[PDB]
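What follows is the residue order along each chain.
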2 protein chains.
Amino acid sequence: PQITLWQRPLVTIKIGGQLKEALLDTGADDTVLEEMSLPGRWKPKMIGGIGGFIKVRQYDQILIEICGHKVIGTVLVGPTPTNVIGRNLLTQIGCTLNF
Amino acid sequence: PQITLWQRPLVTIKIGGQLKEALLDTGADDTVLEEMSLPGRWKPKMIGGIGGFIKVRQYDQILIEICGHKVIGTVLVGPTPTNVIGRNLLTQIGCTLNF
Ligand SMILES: CC(C)(C)OC(=O)N[C@@H](Cc1ccccc1)[C@@H](O)CN[C@@H](Cc1ccccc1)C(=O)N[C@@H](CCC(N)=O)C(=O)N[C@@H](Cc1ccccc1)C(N)=O
């Protein structure tokens with residue numbers, strides 16, 4: 001739907017059998033979630049933002065249900081304070097900015 | 001207008017007589033620009049993101065032209081790698097996410 005930005009744009013996502021809240025972030029190229037138990041294996045990686053850099057595990061081809069829309073893509077798991085849905089998944093569900 | 005997320009959502013802003021490029025970020029509550037010469041009074045402040053926290057100066061009541069729309073609000077100036085336009089200004093220009 002159409003979501004304004006008066007409040008943080010938080011949505012419910014279903015990933016790996018679990019329900020979580022995540023922030024839709026147009027300023028993140030990638031999607032990174034707080035530490036959680038995920039299946040399969042990973043390739044380690046480092047990402048940065050405001051503040052500095054962190055280490056995350058990279059899981060590809062993972063299924064996620066965001067506001068119902070099921071999408072498959074890479075998800076990074078690590079020490080991030082909050083779960084963020086990045087552009088790699090946002091394009092998947094046809095998300096656009098408007099004004 | 002309507003902007004897809006296949007590429008970073010970069011726009012041109014005019015602030016303090018200067019032209020700069022900034023990333024439209026729905027995941028930032030605040031707007032923070034790389035070090036620049038700004039006139040006026042400020043209160044110091046600290047903000048955080050993924051790799052920890054940084055110190056920035058808080059300049060209030062600042063004018064900015066984003067994609068033509070003039071808006072007035074708080075801007076934070078500091079060691080951010082890129083300039084990001086946060087929700088405090090995005091609501092000013094009527095920006096929404098759609099899908
Ligand atoms: C996630 C990934 C892929 C590593 O990308 C970024 O971190 N991108 C960030 C910087 C960047 C973008 C593009 C290229 C290079 C670098 C930017 O999108 C910021 N995204 C959010 C992600 C986020 C959100 C919530 C929590 C943790 C992380 C952010 O840090 N936003 C900050 C921006 C600074 C600001 N003050 O607005 C924010 O809103 N911080 C809040 C909330 C907060 C408090 C304390 C700690 C963390 C966050 C604040 N008031 O300080």
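Residues numbered from 1 in each chain as written, not as in the entry; some residues may be left out. Chains lettered and ligands numbered in written order. Heavy atoms only, no water.

- Method-wise, the PDB entry is recorded as coming from X-ray crystallography, at a reported resolution of 2.30 Å.

1. What about the relation of the copies chain B and chain A?
Argument step 1. For the pair chain B and chain A, the best superposition has an RMSD of 0.2 Å and corresponds to a rotation of 180° with a translation of 0.0 Å parallel to the axis. Classification of the inter-copy transformation places it as that of a two-fold axis.
Argument step 2. Comparing interface residues between copies, 100% of those in chain B also sit at the interface in chain A, which points to an isologous, same-surface contact. (Least-squares fit on C-alpha atoms. Contact = heavy atoms within 4.5 Å.)

2. So, the interface of chain B and chain A
Argument step 1. The interface is formed by 36 residues belonging to chain B together with 37 residues belonging to chain A.
Argument step 2. Inspection of the region where chain B meets chain A yields two salt bridges.
Argument step 3. For the interface between chain B and chain A, the tally reads 21 residue pairs in polar contact.
Argument step 4. Across the side of chain B that touches chain A, the residue classes tally to 17 nonpolar, 15 polar and four charged.
Argument step 5. Here strand β9 (residues 96–98) of chain A runs beside strand β9 (residues 96–98) of chain B; their pairing, made up of three bridges, is antiparallel. What sits directly across from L97 of chain A, in β9 of chain B, is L97 of chain B. (Salt bridge = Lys/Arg side-chain N within 4 Å of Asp/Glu carboxyl O. Polar contact = N/O pair within 3.5 Å; in protein donor to acceptor, adjacent residues only side chain to side chain. Nonpolar A, V, L, I, M, F, W, Y, C, P; charged D, E, K, R; others polar. Pairing = 2+ DSSP bridges. Helix = DSSP H or I, 4+ residues; strand = E, 2+ residues; numbered from the N terminus.)

3. A few points about the site of the ligand
Argument step 1. Around the ligand sit 25 residues in total, of which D25 and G27 of chain A together with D25, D30 and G48 of chain B are the nearest.
Argument step 2. With respect to the ligand, the chains having nearby residues are chains A and B.
Argument step 3. Within the side chain of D25 of chain A, an N or O atom sits 2.9 Å from a nitrogen atom of the ligand.
Argument step 4. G27 of chain B is positioned such that a nitrogen or oxygen atom in its backbone is 3.2 Å from a nitrogen atom of the ligand.
Argument step 5. Protein chains bury 86% of the 930 Å² of accessible surface belonging to the ligand in isolation.
Argument step 6. Mapping the ligand onto the cavity grids shows that it belongs to the largest pocket.
Argument step 7. For the shell around the ligand, the elements supplying multiple residues, two or more each, are β5 (43–48) of chain A together with β5 (42–49) of chain B. (Near = heavy atom within 4 Å. Areas by Shrake-Rupley, 256 points an atom, 1.4 Å probe, with all protein chains shown as cover. 1 Å grid on protein atoms, 1.4 Å probe; cavity = no way out; pocket = protein on both sides within 12 Å on 5 of 7 lines; lining within 4 Å. Sits in = over half its atoms within 2 Å of the grid points.)

4. Some remarks on the packing of aromatic side chains
Argument step 1. For the coordinates displayed, the defined rule picks out two aromatic pairs over all chains.
Argument step 2. Sitting over the ring of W42 of chain A, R57 of chain A keeps its end group 4.4 Å from the ring centre. (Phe/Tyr/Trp six-rings, centres within 6.5 Å; stacked < 30°, edge-to-face > 60°. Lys NZ or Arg CZ within 6 Å of the ring centre and 35° of its normal.)

5. Thoughts on the sheet that holds strand β1 (residues 2–3) of chain A
Argument step 1. Strand order in the open sheet formed by four strands is β1(A)-β9(B)-β9(A)-β1(B), with antiparallel pairing between adjacent strands. The two strands at the open ends of the sheet, each matched to only one other strand, are β1 of chain A together with β1 (2–3) of chain B.

6. Considerations on the side chain of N98 of chain A
Argument step 1. Along the chain, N98 of chain A falls in strand β9.
Argument step 2. Here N98 of chain B takes part through its side chain, which lies 3.0 Å from a polar atom of the side chain of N98 of chain A.
Argument step 3. The contact partners of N98 of chain A, leaving out residues within four places of it in the chain, are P1, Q2, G94, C95, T96 and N98 of chain B.

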